[PDB]
Amino acid sequence: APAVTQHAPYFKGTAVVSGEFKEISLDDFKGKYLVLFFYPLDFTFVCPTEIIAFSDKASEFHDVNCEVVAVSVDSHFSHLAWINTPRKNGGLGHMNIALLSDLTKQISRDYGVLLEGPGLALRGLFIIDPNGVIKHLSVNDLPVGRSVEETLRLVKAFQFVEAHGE
Amino acid sequence: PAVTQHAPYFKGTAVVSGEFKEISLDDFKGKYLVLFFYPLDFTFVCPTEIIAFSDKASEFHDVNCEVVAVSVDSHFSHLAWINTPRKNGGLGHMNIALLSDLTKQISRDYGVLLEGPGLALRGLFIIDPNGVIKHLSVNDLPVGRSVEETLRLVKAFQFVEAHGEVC
Amino acid sequence: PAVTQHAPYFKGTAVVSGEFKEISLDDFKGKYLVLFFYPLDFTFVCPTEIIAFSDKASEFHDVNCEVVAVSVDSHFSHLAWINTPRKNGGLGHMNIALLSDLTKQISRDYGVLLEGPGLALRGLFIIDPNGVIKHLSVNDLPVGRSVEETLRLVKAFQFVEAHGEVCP
Amino acid sequence: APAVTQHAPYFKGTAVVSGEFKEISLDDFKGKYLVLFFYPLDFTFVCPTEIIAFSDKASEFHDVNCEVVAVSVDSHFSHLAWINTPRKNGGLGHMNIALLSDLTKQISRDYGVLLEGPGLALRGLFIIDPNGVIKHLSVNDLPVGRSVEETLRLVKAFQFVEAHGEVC
Amino acid sequence: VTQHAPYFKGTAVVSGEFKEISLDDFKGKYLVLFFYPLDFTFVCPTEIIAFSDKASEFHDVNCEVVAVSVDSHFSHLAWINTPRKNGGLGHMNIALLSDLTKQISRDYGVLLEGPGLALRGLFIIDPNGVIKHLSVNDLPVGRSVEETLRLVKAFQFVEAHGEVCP
Amino acid sequence: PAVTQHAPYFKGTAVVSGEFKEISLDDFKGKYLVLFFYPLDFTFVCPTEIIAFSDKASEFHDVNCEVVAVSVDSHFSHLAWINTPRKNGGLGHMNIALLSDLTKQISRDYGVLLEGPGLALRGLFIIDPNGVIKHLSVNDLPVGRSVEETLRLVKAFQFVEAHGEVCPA
Amino acid sequence: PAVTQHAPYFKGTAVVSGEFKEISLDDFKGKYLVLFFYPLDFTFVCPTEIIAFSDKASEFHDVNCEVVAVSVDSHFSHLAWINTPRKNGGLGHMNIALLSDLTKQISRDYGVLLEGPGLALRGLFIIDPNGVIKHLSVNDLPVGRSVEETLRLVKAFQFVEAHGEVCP
Amino acid sequence: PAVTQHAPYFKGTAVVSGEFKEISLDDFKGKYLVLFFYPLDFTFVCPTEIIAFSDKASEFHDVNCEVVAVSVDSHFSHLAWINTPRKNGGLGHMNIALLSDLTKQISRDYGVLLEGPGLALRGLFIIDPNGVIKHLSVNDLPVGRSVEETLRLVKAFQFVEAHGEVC
Amino acid sequence: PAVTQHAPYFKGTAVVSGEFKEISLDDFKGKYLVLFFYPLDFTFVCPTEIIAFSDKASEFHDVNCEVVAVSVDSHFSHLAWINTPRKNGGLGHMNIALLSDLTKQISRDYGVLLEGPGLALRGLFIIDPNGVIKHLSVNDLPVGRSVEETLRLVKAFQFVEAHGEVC
Amino acid sequence: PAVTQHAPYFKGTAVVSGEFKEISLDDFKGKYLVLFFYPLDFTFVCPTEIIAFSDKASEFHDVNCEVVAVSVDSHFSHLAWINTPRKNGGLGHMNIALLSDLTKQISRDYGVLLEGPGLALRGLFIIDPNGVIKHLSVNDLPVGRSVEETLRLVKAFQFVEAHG
Amino acid sequence: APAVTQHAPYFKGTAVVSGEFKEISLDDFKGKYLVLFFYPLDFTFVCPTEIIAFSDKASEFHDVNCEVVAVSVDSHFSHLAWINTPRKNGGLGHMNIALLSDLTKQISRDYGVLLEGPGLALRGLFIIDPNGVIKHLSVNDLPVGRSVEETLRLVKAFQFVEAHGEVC
Amino acid sequence: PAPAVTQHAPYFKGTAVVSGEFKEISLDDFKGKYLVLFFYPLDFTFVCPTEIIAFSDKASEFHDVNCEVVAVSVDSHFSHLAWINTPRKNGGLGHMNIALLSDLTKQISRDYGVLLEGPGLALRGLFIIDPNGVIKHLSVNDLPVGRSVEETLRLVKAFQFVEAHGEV
């Protein structure tokens, strides 16, 4: 497993970034906070409100030296097609955050959020600091969505403690 | 998976006539089944193989044969790909089943999974009414294969089953 | 301690309404349970998370949810912290149970024990009436979490066990 | 053993090449494409149209830098005798392609096409690239013949891809 | 010797047709079982032909003759259908048994594993499936059919009259 | 830990004069150390052993002896217990160190940890200037112990080192 | 031999009221027992500890407590030492039992034997009426032991075992 | 003792032209050797085989071939059998060597010893000039063994070994 | 074997009165038995001892003692040697049994086999009516052994059995 | 330990002339040695053997032979027993060493330890100037050996190494 | 085992008793004391003083219920030849004690007196009681003669102690 | 284990009675000479000694052909001497012209394989040993029966004869 106070497991994969395919990795985020979250599958009948809320609020994360990356076991071609589906047809539309592909499933496995039975991720969220250390993790059962505002709050509070103690 | 052996059992969610249906190797008993594998939905390779099989499905249906295409994508990707129009790299209406191998086990069982990238080679299997493999072939990821040759194979196997080899 | 698995059994002495009561996971069979861990009694940190949970306890009860707080301190420490008034960094009265983990085994089974120092990370578990873990989260030692977001989640899990579709 | 994207298994054996005995190996094909195909037995009651069709079209393969060799578990003496039986009579007449003998059965075994029970090969075909990597394999039950034109089409199509990738 | 002939089964060419034969078809008779390397070689085929020419002589003393190679039964038939004047066998009075799997030659200790073909081995097997005589040659030397006949007669004589000298 | 054994090395956070300080066995070289374990802070049991040691602390100091009390409680527990006044059940001012054994390893190393409930027996150790255990004592119950007698023992060990064991006769 | 556990069983020959008697741990069932070891009879160390326990033997008797002294000497030596007058380094009259541990197994069982020299450390055990060890101490050296502190210890055990652990 | 392999090495005492002489396999380098085993000297079986070989010995010399008969008897039995006139079941004059295998080790090494009764089967071996076994045969019982046919084999090996397999 | 222990078992084919007979140690229950070994039939040593034993055979029978001569030769050599007239180095007719040790196991079990050359030392055993060894002697290959002394020893054993042995 | 073999090693504290002294087998090289064991100091059995050896000790010294008594008692008991009036069950003055075998290893190594009660049998050993055991004897009960006979044996061994 | 307080090891053998061969065992001596002693060899140039002295005194032993048996590694035939040699001629003459043969040397081995190098017994002596317990043992080197008077004193002393244990 | 014919005689060393006195003799003393080494059960038996006496009388006849005769039993050398000093008319040996070797340890009989382990005495075995220590002849009789000295002598001459001559 990953665990709070421990260096985050290394990851590398193909992501959709600003409608391009780009390889990314844990090392790209050196010196920045990272919010890494998992979701089960592209294109489902579940409302993409969590992914869309992170995309809508990305600028709030960017202004506190924090990046946001979404991950699922779908291919990077699925992610791009999801992105190019209009919001009114189940789609994501424009994304302000990277959608990373975990086609081999190793990333979800390394992050301890893979359901091996069905072969998809639980809804896991990780806040990783500028040194690759995991500060916060949470995991929800497949159906339930979580608060963007609360994640932002946490990221800020980690920063506050860095700079001013407890 | 070898010619003359029973085909490995498979079960999964497929897109069949725009709906999600559980299908399995046993659903095909008494029928010929062309099971073929492709790498991924929505790539920049035009889906001409899948589309050609779909356009010719009724030629298979008239010889007591079903056709099922398989990839490691989920059944949701499958449905979205069907619902994307052809002019946009989609499949549009499909006359064949699109089977999801999300767990990758079906591809593994058929000896077509590339483990590194986590996707399947382009492998094709003709399975007879008792579930025995009569023909397999496997192509490297880029090259498309021939629908009319597949149909000829299927009919050649039926001819032999009814008449024999001697000439 | 993974989501979708049954919570590990626990048993220990808690300070429940100013008495010592032996308490176990079996006591919550048929209810939701927020089980959270904190590092230490009597620190120089604002115990705001613990108080916030006691203040909003009625609201968790109103949705059939119990709240249990837990740390590696003795039950004697918990009592002494409760009897310290809030104006002096104490807890004052508490509407939630404070479970003592003196043997450190409950923090160990919930995967939140730091073995070096011998105290628990700030871990939180939402457990359903079948003892199944629906949600977990862990924060590093200093940062407090949000009670209202916890309640929101308990409600949202309940909504799903009745409709499962927060979307037309 | 043999799978697409892997280097083909090494082989060496005696072949009939232009009515003459020659020792040939996979190494003799470096720099060239190779269609290697197996058939069950010389002199059968099944019209050998597959072998004849390949020999007739050997020129077409030669023109796109591709050699063709047929293999069965028969001895090279059976191969030559069959080549010397006229087509009128169920023979092969002359042959524009190498006829390789797998008398020890080890070639068929290495290519995963030997049936151990009767000791003869299934109708397997392999397309092997100039670096000896397998690009295509197919296997048929003993009775059914494949299409030579479709095999040519495939060879040309793998060539097309090394030259131009694919983006439609 | 003083030992049972290993069991064998296979497809033979017998009077121009395919028959499945086994050691058990030869209970109550003498069997001469000989192996040769390959059909259609350039070695002179005069051993097989002599056995065919003299087959009736062996029948008259209740003895069958079976030639075996590792060729298929199709090869056997094709070799039988090639005129003698062309290096073929022509009409055959004895069974030509196919050892395609090579297991018969292996069981009889005559298989050269490396090239995968039989040496020129001959076995005289009695009515109870006991081996009375064996001989093996290194090379395309041919053996005398008359002398084989003599040995069969001599084994029969001994079993009827003992071996005491007159 | 038996007698003529060196005392097991220990290290930890202690409250010393109302302030947190890291201490260890090394700090006591060239001194006598009285090291004693008690089960828990804040119990209903009489705290008097700790108090008597604190009151008489100067008397141990005058014979080159230091006194350290230990339990499995955190150092925060210990301080809160110190800031709890005596009338109220606390310890008030402490003239001796209160060492925290949060990890439980010190109790375990000194053979006094009860692993079942995870707390220490009431053991006392007199350790000499070379870190050799001259005396050990263990009680299974909130029975007290004379601080006067512990001082007597410490003086006696010094007497015998200086004069030996021969009876005046 | 650990506080909370049952005292190891012992048996052997003691001097009691100038006489040889077999005594064992079972003889003290229902009573308190101070059992204490010393190294040797007739040394040049003052036997003030042994004499002091003897002098206030009846104060132990009055609280249902017996005192047994043990070393690895024979009972013949014990008797001789009892018969040496105190001005000469002897014991004179003894009101406590002097147990002989000639095989050394008693010291070995109580974890007080120094195998190398073959004599006991100065260990003292307070054993309750059920055979449970309530108190133990071991000294490196003849530093004496307060007899009055052992008595106070005995009475405090008796008080707690009746009343519990609370602050009167 | 298998065709195509080197003949096991042997050494022992033989009767040669009426005398005792140590012979070994190396004595035969550069010559063909016919080496044959028989059970016992002095039985009630007609010694037709040994006598026939002896009478045609010079025909084998003419093609550079030597003949050695062997049994598990001592050289003394050999000599005494030689001095027994032919009309009494003796061998009379011998033109071939009679080798003794008293320890039974030659017969073991050649794969012809029956251990239970402690005597050799009727094995015959043709060994070429380099000591390779070209031909072996073994008979149960005191059936014949043609000498003209043994000779013809020796001539045939010589031919092929110089000319090859083709006629 | 050793004086005092039961004689090892033996069984084999003997020449008895010019004919082949299967004999064994059991055939001699109730009789004394003189069992001696010699190296080989038909050697250049005078068969002085064998012949002397045969001349005195009835003297042994008179005292209920049999005599068996043994060697590693076959029973067929024994016969030939018996049917060779004494003046030609043969034995001429024999009044004692000549037992064949062809397998060499009898000499092995009696402790007189030389494994190197494969023949027996000159060993003699006197075996009582219950099969106990009462006397053994072993000699160098060239030696003279006396029948009269052997007969004396047999009688003396018979003496001791009847009358004890107190001076 | 059997006759004709080297005596096992021993080291211990003895009472020699009213003082404690460490003595060992090595101290006796070049000399004969009578080493004998007895059960316990201060028993009710009259100390008859030990007193006799002490009385005749000079007769042993005269022939180059020390005498050492040994039991499993401590050297402090030994002293106390020596400082007890002979008319009180005591030994009074002693002219021979009293060796303490508190660890019982000496009794063990000389094959006279009774492991059950933890004390030695009445064993006696004559050891020669090179450490070789020349004579040994062991009794069961309290029954007494003869000092005259032991003295005789010693003289007899000495005579032998000189005459035969 | 040959150690004091232990049952004496069993022996059987041929003895010379009153001029006749007789087999005797340890069992024959049940209910009686037995002095069992060993010497190296019959017919030595060392005069047989030890043996003769015991024989002279045999009846003083019988008075006290004690048999005496001498043993060495010689055969019973040497014993008898030695007894048949008059004392006036260097021999033993008439013997009033049993002379046991230990030809196999097993008796001497079992009594721990066999010197394995030369293969003869040391001069050992054993007093065995009526139930076969060894009460006394002693061993001298080969040359040195022991005392019959002393051996007799011992036997009486053992009996004395048995009849009335020795206090003072 | 025992020795057999064609083998070198096991070395022996021992004390023998030679010319009425003790001498140490070993196999080495007999190099360059023939040796008759014979075993008998025991001195002083009621079986009067034909075998031994007969060898002594014929002693010179063996000395004449370069051959020594040594008699051996498991008896001590003192028994040997005592037996020699017993006059023949009394069932003794009288003068001996042959060495009488003593095998007290029984090793020599054991090494020559003539030792009966049950009773610990030799069988009546005789060995003829050559100048080079090689056993030419062995012969063993059961305990009661005597061997002929003439035959033994005939044998020695026969062995010598064969060292000089062939076989007509």
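Analysis parameters
- Residues numbered from 1 in each chain as written, not as in the entry; some residues may be left out.
- Chains lettered and ligands numbered in written order.
- Heavy atoms only, no water.
- Helix = DSSP H or I, 4+ residues; strand = E, 2+ residues; numbered from the N terminus.
- Rg over C-alpha atoms; globule rule 2.2 N^0.38 Å.
- Buried < 20%, exposed > 50% of the residue type's maximum accessible area, 1.4 Å probe, protein only.
- Contact = heavy atoms within 4.5 Å.
- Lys, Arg positive; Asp, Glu negative; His and termini not counted.
- Charge placed at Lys NZ, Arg CZ, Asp CG, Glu CD.
- Buried area = accessible area lost by both parts, 1.4 Å probe.
- Salt bridge = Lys/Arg side-chain N within 4 Å of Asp/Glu carboxyl O.
- Polar contact = N/O pair within 3.5 Å; in protein donor to acceptor, adjacent residues only side chain to side chain.
- Disulfide = S-S within 2.5 Å.
- UniProt positions renumbered as here; feature names shortened; annotations may be inferred.
- Expected span 1.5 Å × (residues − 1).
- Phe/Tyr/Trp six-rings, centres within 6.5 Å; stacked < 30°, edge-to-face > 60°.

Its PDB header names X-ray crystallography as the technique used to obtain the model and reports a resolution of 2.40 Å.

### Some details on the overall build of chain L
If you tally the helices and strands in chain L, you get five helices and nine strands. In sequence order, chain L lays out its α and β elements as β-β-β-α-α-β-α-β-α-β-β-β-β-α. In summary, chain L has a C-alpha radius of gyration of 15 Å against a globular reference of 15 Å for 168 residues, a match within 12%. Counting only C-alpha atoms and orienting by the principal axes, one finds that chain L spans roughly 50 × 35 × 30 Å. Counting every position in chain L, which comprises 168 residues, the buried fraction comes to 60%. Pairs at least 24 residues apart make up 69% of the contacts formed inside chain L by residues separated by at least 6 positions. Here chain L contributes 14 positive and 20 negative side-chain charges, whose respective centroids are spaced 2 Å apart.

### Points about the interface of chain K and chain L
Interface size is commonly expressed as the accessible area that is lost once the parts come together. Of the residues lining the interface, 20 residues belong to chain K; the matching set on chain L comes to 20 residues. On the chain K side of the interface with chain L, the three residues burying the most area are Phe43, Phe77 and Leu103 of chain K, jointly 36% of the side's total. Where chain K packs against chain L, one counts zero salt bridges. In this assembly, chain K and chain L are joined by three residue pairs in polar contact. In terms of residue count, the dominant contributor to the side of chain K that touches chain L is helix α3 (residues 76-83) of chain K (four residues).

### Regarding the state of the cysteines
All told, the structure shown has nine disulfides over all chains when counted by the stated rule. Two residues share a disulfide in this structure: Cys46 of chain B and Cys168 of chain D, whose sulfurs sit 2.0 Å from each other. Its S-S torsion of approximately -85 degrees makes the covalent link between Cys46 of chain B and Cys168 of chain D left-handed. One end of the pair, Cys46 of chain B, is in the loop between β3 (32-37) and α1 (48-55); the other, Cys168 of chain D, is in the segment after α5 (148-164), on a second chain. Note on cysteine connectivity: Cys167 of chain F is disulfide-linked to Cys46 of chain G, with sulfurs 2.1 Å apart. Between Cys167 of chain F and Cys46 of chain G, the S-S torsion sits near 105 degrees, and that sign places the bridge as right-handed.

### Notes on the UniProt feature "active site" in chain L
Residues and elements named next belong to chain L. Those residues carrying the UniProt feature "active site" are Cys48 in this numbering. Position of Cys48 relative to the elements: it lies in the loop between β3 (34-39) and α1 (50-57). A residue is classified by how much of its surface remains accessible, and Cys48, at 35% relative accessible area, is partly exposed.

### Quick word on helix α3 (residues 75-82) of chain I
Each full turn of the α-helix corresponds to 3.6 residues, which orients residues three or four apart in the same direction. Summarising burial for α3 of chain I: eight of the eight residues are buried, a large majority. Residues of α3 of chain I that are buried include every one of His75, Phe76, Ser77, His78, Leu79, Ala80, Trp81 and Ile82 of chain I, and no others. Lining the buried residues of α3 of chain I we find α3 (75-82) of chain H together with β1 (11-16), β2 (19-24), α1 (48-55), β4 (65-71) and β5 (97-100) of chain I. At the N-terminal boundary of α3 of chain I, the capping side chain belongs to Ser74 of chain I, with an oxygen 3.1 Å from the backbone nitrogen of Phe76 of chain I.

### Considerations on the side chain of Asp140 of chain J
Relative to the elements of secondary structure, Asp140 of chain J occurs in the loop between β9 (133-139) and α5 (147-160). Residue classification places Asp140 of chain J among the buried residues on the basis of a relative accessible area of 18%. In this structure the side chain of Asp140 of chain J is engaged in a polar contact, spanning 2.8 Å, whose partner is the side chain of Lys135 of chain K. Residues within four places of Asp140 of chain J in sequence aside, it is in contact with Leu121 of chain J together with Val4, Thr5, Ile134, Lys135 and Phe158 of chain K.

### Some points on the side chain of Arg143 of chain E
The residue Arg143 of chain E is located in the loop between β10 (130-137) and α5 (145-161) in this model. Overall, the relative accessible area of 12% leaves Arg143 of chain E in the buried class. At 3.0 Å, the side chain of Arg143 of chain E forms a polar contact with the side chain of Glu47 of chain E. A polar atom in the side chain of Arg143 of chain E sits 3.1 Å from the side chain of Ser135 of chain E. Ignoring sequence-local partners within four residues, the contact set of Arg143 of chain E consists of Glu47, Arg120, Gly121, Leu122, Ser135, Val136, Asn137 and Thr148 of chain E together with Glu149 and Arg152 of chain H.

### Brief notes about the arrangement of the chains
Here chain E and chain G are not in contact; the least distance found between their C-alpha atoms is 75 Å. In this structure chain F stays clear of chain I, and the shortest span between their C-alpha atoms is 69 Å.

### Some thoughts on helix α5 (residues 147-160) of chain C
Look at α5 of chain C: 20 Å from first C-alpha to last across 14 residues, which is about the 20 Å you get at 1.5 Å a residue. Restricting attention to buried positions, one finds in α5 of chain C the residues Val147, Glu149, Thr150, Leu151, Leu153, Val154, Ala156, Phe157 and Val160 of chain C.

### Let's talk about the environment of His79 of chain K
Residues and elements named next belong to chain K. One can find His79 in helix α3. Sequence separation between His79 and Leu100 is 21 residues; the distance between their C-alpha atoms is 8.0 Å. With near-sequence residues (within four places) excluded, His79 lies in contact with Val16, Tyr39, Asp42, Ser72, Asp74, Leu99, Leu100 and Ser101. At a separation of 2.5 Å, a polar atom in the side chain of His79 contacts the side chain of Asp42.

### Let's talk about the pattern of salt bridges
The full count for this structure, using the stated rule, is 98 salt bridges over all chains. For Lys29 of chain G, the salt bridge identified is with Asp26 of chain G, shortest N-O distance 3.8 Å. What makes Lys29 of chain G exposed here is its relative accessible area of 62%. The salt bridge partner of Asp57 of chain L is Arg88 of chain L, with a shortest N-O separation of 3.6 Å. Here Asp57 of chain L is found in helix α1, whereas its partner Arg88 of chain L is found in the loop between α3 (77-84) and β5 (99-102), with 31 residues between them in sequence. Assessed through its relative accessible area of 47%, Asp57 of chain L is described here as partly exposed.

### Let's talk about the interface of chain E and chain H
Taken together, the 31 residues of chain E in the interface contact 31 residues of chain H. Carbon and sulfur atoms make up 65% of the surface buried where chain E meets chain H, a total of about 2,500 Å² over both sides. Considering only the side of chain E, the residues that lose the most area to chain H are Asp138, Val141 and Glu163 of chain E, jointly responsible for 21% of the buried surface there. A salt bridge links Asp138 of chain E to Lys134 of chain H; the nearest nitrogen and oxygen atoms lie 2.5 Å apart.

### Topic: unusual backbone geometry
In terms of backbone geometry, most residues other than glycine have negative phi values and most peptide bonds are trans. In the Ramachandran plot, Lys104 of chain J falls in the positive-phi region, its phi being about 65 degrees despite a non-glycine side chain. Within the secondary structure, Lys104 of chain J is located in the loop between β5 (97-100) and α4 (105-109). Backbone geometry places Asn65 of chain K, a non-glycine residue, at a positive phi of 70 degrees. Residue placement: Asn65 of chain K occurs in the loop between α2 (58-63) and β4 (66-72). In this structure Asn65 of chain K comes out as partly exposed when scored by relative accessible area, which is 36%.

### Brief notes about the environment of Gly90 of chain G
Residue and element names in this part refer to chain G. You can see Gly90 is positioned in the loop between α3 (75-82) and β5 (97-100). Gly90 gets classed as buried once you look at its relative accessible area, which sits at 2%. Along the chain, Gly90 and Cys46 lie 44 residues apart, while their C-alpha atoms are 9.2 Å from each other. Look past the residues within four positions of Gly90 in its chain and what remains in contact with it is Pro47, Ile51, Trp81, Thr84 and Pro85.

### A short note on the packing of aromatic side chains
Summed over the entire model, instances satisfying the criterion amount to 143 aromatic pairs over all chains. Ring geometry for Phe42 of chain H against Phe42 of chain I: centres 5.7 Å apart, planes inclined by 15 degrees, an arrangement best described as stacked. One end of the pair, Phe42 of chain H, is in the loop between β3 (32-37) and α1 (48-55); the other, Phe42 of chain I, is in the loop between β3 (32-37) and α1, on a second chain. By the burial criterion, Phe42 of chain H is buried, and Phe42 of chain I matches it. Consider the rings of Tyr38 of chain I and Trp81 of chain I, whose centres lie 6.0 Å apart with planes at 35 degrees: the pair is tilted. Highlighted residues: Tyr38 of chain I in the loop between β3 and α1 and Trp81 of chain I in helix α3, separated in sequence by 43 residues. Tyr38 of chain I gets classed as buried once you look at its relative accessible area, which sits at 4%. Its relative accessible area of 3% is what places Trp81 of chain I among the buried residues.

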